[PDB]
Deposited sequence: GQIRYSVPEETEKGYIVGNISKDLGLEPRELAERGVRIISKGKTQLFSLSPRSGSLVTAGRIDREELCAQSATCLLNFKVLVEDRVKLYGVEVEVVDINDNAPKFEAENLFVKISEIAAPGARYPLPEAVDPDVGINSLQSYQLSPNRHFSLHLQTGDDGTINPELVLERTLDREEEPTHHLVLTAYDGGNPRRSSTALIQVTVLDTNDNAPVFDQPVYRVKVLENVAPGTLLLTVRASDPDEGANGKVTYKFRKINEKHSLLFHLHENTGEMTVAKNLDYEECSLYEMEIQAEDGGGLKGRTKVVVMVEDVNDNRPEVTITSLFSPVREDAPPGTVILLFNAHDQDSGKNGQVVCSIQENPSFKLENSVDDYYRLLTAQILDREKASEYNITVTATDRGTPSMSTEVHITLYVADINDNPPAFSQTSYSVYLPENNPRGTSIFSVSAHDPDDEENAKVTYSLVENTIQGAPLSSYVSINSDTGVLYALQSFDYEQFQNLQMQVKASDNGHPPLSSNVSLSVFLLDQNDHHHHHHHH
């Protein structure tokens, strides 16, 4: 005979009455013939019906078998043969479906196109039939949907559908909930936390912060200094987010002038710069990632001038000797100045040290003309030390120095002068014919020919004009010559005038009286 029983029922539950099926009143000495490790059954003498004495969990008995049966024999001592019975447990919904873990994740790439279905974790329910697993439901998401594959086997395969393309740069991971439902009401359920991990595709190219990097630096800039810093943006991950910087202008000398750190992207100075050589350095640099993805930006170096140059004087006209008769205003120097620098560093101030003798005049533009201020006189000063100082107007100031030595020429304006205003010479009567009797000296302040004395004598006729016959002088000896002997009784004294003239045109002359006195002797 067969019967049934609900699972997990308390001890003493109703089972098909045994006595009414055997054919005897509720003495009999009847006992159960089966043998288990433990037994869950015991017949009740109160009603003659078997009542279970232990909790029945067919999940711990038949597991997933659709029909769970417990067939056992029973023994009646009144008779000589046994009676075989069989009781099939039914299934109730007490177990909830279970997943493999509390947290499971699915890897999805960034390049994954919409329409891709990814396997979802499949749950398990110990129950059988309606009480077993029935359906799934997925939390709504803008990027995903749910897809179920029910089968003839009764098992459903769940998988998610990609609705919108994913992007890790906006959000790396998603958080969704997958719920599992059975059919045995009161229905159990099981939620499951799923994380959508987005992989990385190299779809981000490096993009520099600014499209143009600008720096303004002086020319005196020391090599090894840090010009600037260049940064590029790559939101990717790993080598796809790494940056490497290098110039695109690879052949010109600018590559030798600057240094660009391949990693840090620092623009530094390698060689000294010069505003006069070149002040506009336009270059184009480029950054790359792990792949061939690259970005460009322009770096512009602007150099500015610095006072590191001295003024340069070029002389056009020089007149080292000047005539002493020069009026105040005659030029003695003609030159100009020019600085290599620009602006206030290029303006020049040509200043002679203020002296009374000369003055400097800025005739036109920056051409300078050095002139005189008074009349010169080489008998008081024949030499002049001139120091023209050309200082630029920048800061700090740089001054070049031009030295001129000025020797004035000789113009004959000074006549020769004798040693005395008047000379007197004594000689006794006896006079050896043609002998020299005196010595007269003269001097001239001028130089060279304008100081060369040419001695002469006035031509006033003594009786018969023996001025030449009486006396003679040589142009250079400066000595007097008595030609004839003298008697105190013919003449006593003779007055002449000696002349001195400088031998150069125009000549300057000077006469001075000179008297010869004879002396008386024993005639």
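- Positions of the deposited sequence absent from the coordinates, in order: 1-2, 29-32, 530-537.
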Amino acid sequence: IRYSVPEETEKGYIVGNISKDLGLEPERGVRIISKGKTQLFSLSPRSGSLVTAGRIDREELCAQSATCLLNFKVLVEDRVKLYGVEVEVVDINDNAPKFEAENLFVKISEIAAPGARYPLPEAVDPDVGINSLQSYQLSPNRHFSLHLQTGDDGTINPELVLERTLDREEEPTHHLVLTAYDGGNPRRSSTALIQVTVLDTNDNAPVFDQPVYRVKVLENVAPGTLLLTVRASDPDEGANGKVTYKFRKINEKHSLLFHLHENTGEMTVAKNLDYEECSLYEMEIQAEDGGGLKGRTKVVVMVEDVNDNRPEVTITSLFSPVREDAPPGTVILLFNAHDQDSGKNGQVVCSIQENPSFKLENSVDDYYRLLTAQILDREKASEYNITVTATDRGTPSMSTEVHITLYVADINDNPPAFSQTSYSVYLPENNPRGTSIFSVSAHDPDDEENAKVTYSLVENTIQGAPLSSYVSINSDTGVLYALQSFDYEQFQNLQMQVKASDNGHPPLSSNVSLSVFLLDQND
From here on, numbers count along this sequence of modelled residues.
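- In this entry, 84-92 shows the higher mean Cα temperature factor of the pair 290-298 and 84-92.
- Higher mean CA B-factor, judged across 392-400 and 331-339 from the recorded values: 392-400.
- The entry assigns its greatest Cα B factor, within the set 259, 248, 79, 378, to 79.
- In this structure the maximum Cα B-factor among 318, 199, 101, 306 is found at 101.
- Split the chain's modelled residues into thirds by C-alpha temperature factor. Residue 153 is in the highest one.
- For residue 214, the recorded CA temperature factor ranks within the lowest third of the chain's modelled residues.
- When the CA B factors of the chain's modelled residues are split into thirds, the value for residue 188 lands in the highest one.
- Among the modelled residues of the chain, residue 195 sits in the middle third by CA temperature factor in this PDB entry.
- Among all modelled residues in this chain, the alpha-carbon of residue 325 has a temperature factor (C-alpha) in the highest third.
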